[PDB]
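Residue numbers (full-length UniProt numbering), protein chains in the order written: chain A, 188 to 207, 212 to 378, 385 to 454; chain B, 188 to 207, 212 to 378, 385 to 454. Virtual Cβ for every residue (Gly too), placed ideally from N, Cα, C. In what follows, a structure is listed as structure tokens, so that the remarks can point back to it.
Protein chains: 2
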Amino acid sequence: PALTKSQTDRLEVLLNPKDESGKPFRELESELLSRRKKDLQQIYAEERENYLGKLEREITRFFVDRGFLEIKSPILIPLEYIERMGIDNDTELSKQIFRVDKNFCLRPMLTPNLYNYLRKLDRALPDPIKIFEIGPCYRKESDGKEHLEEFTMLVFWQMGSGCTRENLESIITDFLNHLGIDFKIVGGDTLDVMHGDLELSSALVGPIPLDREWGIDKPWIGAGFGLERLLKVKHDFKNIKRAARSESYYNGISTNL
Amino acid sequence: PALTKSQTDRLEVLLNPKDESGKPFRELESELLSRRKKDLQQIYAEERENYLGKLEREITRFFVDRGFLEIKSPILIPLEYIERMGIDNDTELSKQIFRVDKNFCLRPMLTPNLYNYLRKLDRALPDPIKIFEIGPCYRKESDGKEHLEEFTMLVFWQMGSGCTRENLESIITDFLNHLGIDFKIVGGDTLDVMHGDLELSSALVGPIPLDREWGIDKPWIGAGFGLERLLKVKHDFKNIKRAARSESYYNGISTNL
Ligand SMILES: Nc1ncnc2c1ncn2[C@@H]1O[C@H](COP(=O)(O)OP(=O)(O)NP(=O)(O)O)[C@@H](O)[C@H]1O
Ligand SMILES: Nc1ncnc2c1ncn2[C@@H]1O[C@H](COP(=O)(O)OP(=O)(O)NP(=O)(O)O)[C@@H](O)[C@H]1O
Ligand SMILES: COc1ccc(C[C@H](N)C(=O)O)cc1
Ligand SMILES: COc1ccc(C[C@H](N)C(=O)O)cc1
Ligand SMILES: [Mg+2]
Ligand SMILES: [Mg+2]
Ligand SMILES: [Mg+2]
Ligand SMILES: [Mg+2]
Numbered sequence: 188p189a190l191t192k193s194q195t196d197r198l199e200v201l202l203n204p205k206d207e212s213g214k215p216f217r218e219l220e221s222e223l224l225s226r227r228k229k230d231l232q233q234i235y236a237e238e239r240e241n242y243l244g245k246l247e248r249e250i251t252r253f254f255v256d257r258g259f260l261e262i263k264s265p266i267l268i269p270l271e272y273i274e275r276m277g278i279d280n281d282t283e284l285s286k287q288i289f290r291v292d293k294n295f296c297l298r299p300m301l302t303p304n305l306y307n308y309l310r311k312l313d314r315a316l317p318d319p320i321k322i323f324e325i326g327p328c329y330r331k332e333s334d335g336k337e338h339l340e341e342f343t344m345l346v347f348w349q350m351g352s353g354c355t356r357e358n359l360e361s362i363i364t365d366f367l368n369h370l371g372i373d374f375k376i377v378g385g386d387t388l389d390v391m392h393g394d395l396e397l398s399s400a401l402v403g404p405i406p407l408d409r410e411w412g413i414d415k416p417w418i419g420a421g422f423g424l425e426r427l428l429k430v431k432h433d434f435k436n437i438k439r440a441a442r443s444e445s446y447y448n449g450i451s452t453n454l
Numbered sequence: 188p189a190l191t192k193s194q195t196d197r198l199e200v201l202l203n204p205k206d207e212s213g214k215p216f217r218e219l220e221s222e223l224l225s226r227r228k229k230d231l232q233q234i235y236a237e238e239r240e241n242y243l244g245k246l247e248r249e250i251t252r253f254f255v256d257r258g259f260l261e262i263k264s265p266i267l268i269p270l271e272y273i274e275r276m277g278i279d280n281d282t283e284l285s286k287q288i289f290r291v292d293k294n295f296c297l298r299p300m301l302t303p304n305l306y307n308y309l310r311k312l313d314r315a316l317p318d319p320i321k322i323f324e325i326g327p328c329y330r331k332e333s334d335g336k337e338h339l340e341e342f343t344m345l346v347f348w349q350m351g352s353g354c355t356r357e358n359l360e361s362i363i364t365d366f367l368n369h370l371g372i373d374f375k376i377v378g385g386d387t388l389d390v391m392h393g394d395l396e397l398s399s400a401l402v403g404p405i406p407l408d409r410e411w412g413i414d415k416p417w418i419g420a421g422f423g424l425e426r427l428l429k430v431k432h433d434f435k436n437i438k439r440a441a442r443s444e445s446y447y448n449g450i451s452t453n454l
């Protein structure tokens with residue numbers, strides 16, 4: 188008989204992107224279970240690194256080496272930062288916020304913390320100011336295929352001298368060629390970094406009117422990238438859930454074996 | 188005149204642990224501002240690494256090298272995990288949970304996710320199963336000096352063969368000697390790892406009755422460490438806020454300059 192849709196769903200959980212119709216479900220399942228167990232055994236025997244942790248470390252090295260200061264700022268942030276980012280009821284993002292208690296939320300972006308860092312560090316560091324952060328961000332989402340409610344963002348941000356669209360495109364290009372991820376840049386000045394139909398990043402050239410609220414009055418360039426989206430593309434995952442912080446997948450391998 | 192308490196508070200913000212009464216406040220402040228700006232300039236010119244990020248990477252290397260699998264699991268977890276951990280109204284922890292929506296919370300510990308990992312991985316990996324995770328945890332706290340509401344925990348956990356108190360003490364000892372942090376181990386079997394009066398870690402030898410709820414029926418050893426507490430001790434910070442994810446301190450240096 189033909190496989191049921193439920194059975195095909197089960198096999199797809201166990202199917203790996205580079206895996207290469213008369214056998215019963217039971218046999219196809221046993222074969223895939225055996226392969227995935229071996230995949231996990233090989234990781235455990237050899238590298239033992241988590242893809243999301245490893246990518247964070249690789250990205251950190253890239254930016255530290257190119258003169259950007261590594262920031263680790265709060266994940267739980269004041270709700271006032273959302274309003275101050277110009278996120279009112281007119282915008283999509285207002286309905287995407289995870290509130291915590293009466294005064295806090297889970298950050299949906301790194302931007303407000305990093306605005307504060309740029310303003311503070313400008314009192315201490317030589318121009319240009321170059322900073323980056325990688326860490327958890329949270330948004331309520333409808334979509335499942337390219338969106339996670341708990342994801343990981345990289346932002347890099349330069350302020351002062353050399354903040355041109357050309358230099359922004361150069362950093363993006365060097366970065367993605369370093370990772371081995373194909374892309375196209377599609378065009385304050387605003388740029389989208391695409392992999393086919395998937396947005397890997399939004400990038401911007403300042404100044405913009407919002408800067409004044411944060412005490413910023415210098416030119417700047419920066420961009421935000423989703424790490425799970427980078428992993429999805431690099432590893433050819435069909436669904437972004439394979440790249441997420443998860444109890445269901447480890448390095449894109451089902452843990453339900 | 189004598190410095191006011193407010194003025195002394197201000198200078199203490201700018202004071203560094205290894206910094207070595213007739214000058215006015217204005218002069219003491221200028222001197223300390225100059226020193227802290229230089230400290231930040233030196234970081235920016237040279238290493239550019241954040242202490243919390245760097246410590247996470249150092250700890251990751253230590254455990255990966257000693258055969259532990261690196262886990263990155265969800266930070267936003269089901270509220271049901273709290274109840275299933277035996278955290279009812281009789282316990283301190285029940286009142287410390289940050290709830291999110293109706294069904295979720297910010298994890299106050301890594302334990303429930305890692306219990307699920309141990310059960311799942313036991314179907315795939317050879318005995319013993321050795322895993323670890325480092326990442327954000329959240330607890331409502333009264334205390335300010337040794338507690339943060341947003342902190343970072345390491346848990347390592349071995350299950351199966353070799354799960355003895357001796358092997359647990361050995362891992363802890365090798366780990367803290369590797370980091371260069373002084374400690375005493377004070378004594385399921387339960388151990389506390391102390392630095393003077395400060396608890397760096399709680400460690401346990403299983404089995405315990407709770408294991409059954411999570412589908413675990415093997416011996417185990419493990420321990421949980423606060424990264425900000427390790428940093429506080431290593432860098433001789435008077436207050437743990439200097440070691441936190443923060444907008445107010447960077448590598449223990451005031452950003453309010
Ligand atoms: N829910 C999510 N899950 C995974 N990655 C995300 C999510 N939201 C944003 N990102 C990533 O973070 C980057 C910068 O965020 P931002 O520019 O605010 O995204 P966005 O405009 O909401 N993109 P999209 O929702 O795909 O139209 C995006 O380009 C994505 O790579
Ligand atoms: N609020 C906090 N801030 C910083 N570190 C913490 C916090 N809570 C726990 N830790 C660290 O995480 C480790 C393991 O957590 P756990 O054993 O649950 O702590 P605890 O028993 O609540 N300790 P304490 O609250 O100091 O009595 C502790 O030994 C600390 O190093
Ligand atoms: C500094 O430059 C940027 C920073 C972040 C982003 C992504 C998104 N607009 C956000 O604010 O998260 C885009 C550009
Ligand atoms: C696997 O062994 C341990 C794991 C975690 C801890 C700290 C605390 N009891 C907690 O559950 O977070 C102590 C031991
Ligand atoms: Mg979106
Ligand atoms: Mg965008
Ligand atoms: Mg406590
Ligand atoms: Mg304890």
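8 Å Cβ cutoff, residue i in contact with chain A
i: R298(B); result: no
i: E261(B); result: yes
i: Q232(B); result: yes
i: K228(B); result: yes
Residues that residue i contacts on chain B, provided the C-beta gap is smaller than 9 Å
i: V255(A); result: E238, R239 and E240
i: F289(A); result: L267, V291, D292 and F295
Exposure label - residue i; buried when at least 16 CB within 10 Å
i: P204(A); result: exposed
i: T251(A); result: buried
i: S193(A); result: exposed
i: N368(B); result: exposed
i: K331(B); result: exposed
i: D408(B); result: buried
i: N280(B); result: exposed
i: residue 210(A); result: Within chain A, the sequence of modelled residues goes 207 then 212, so residue 210(A) has no position in this structure.
i: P299(B); result: buried
i: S225(A); result: exposed
i: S451(A); result: buried
i: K229(A); result: exposed
i: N241(A); result: buried
i: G213(A); result: exposed
i: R227(A); result: buried
i: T302(B); result: buried
Within chain A, partners of residue i - CB distance below 9 Å
i: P265(B); result: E341, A441, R442, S443 and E444
Amino acids of chain B, ordered along the chain, whose beta-carbon sits closer than 8 Å to that of residue i
i: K311(A); result: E444, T452, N453 and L454
i: residue 211(A); result: It's not possible to place residue 211(A) here, given that chain A moves directly from 207 to 212.
Test: residue i CB closer than 8 Å to a CB of chain C
i: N294(B); result: Here chain C cannot be found, since the structure's protein chains are A and B.
Chain A contact residues for residue i, given Cβ-Cβ distances below 7 Å
i: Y235(B); result: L260 and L316
i: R248(B); result: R248
Beta-carbon spacing of residue i, residue j below 8 Å
i: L260(B); j: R239(A); result: yes
i: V402(A); j: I418(A); result: yes
i: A420(A); j: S398(A); result: yes
i: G351(B); j: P327(B); result: no
i: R310(A); j: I413(A); result: yes
i: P317(A); j: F295(A); result: no
i: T343(A); j: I363(A); result: no
i: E337(B); j: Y329(B); result: no
Closer than 7 Å at the beta carbon, the chain B residues around residue i
i: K286(A); result: The contacting residues do not exist; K286(A) stays about 13 Å from chain B at best.
Any chain B beta carbon closer than 8 Å to residue i
i: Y306(A); result: no
i: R409(A); result: no
Interface partners of residue i on chain A, CB under 8 Å
i: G244(B); result: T251, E261 and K263
Give me every residue whose Cβ sits closer than 6 Å to any heavy atom of ligand 6, in chain order.
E396(A) and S399(A)
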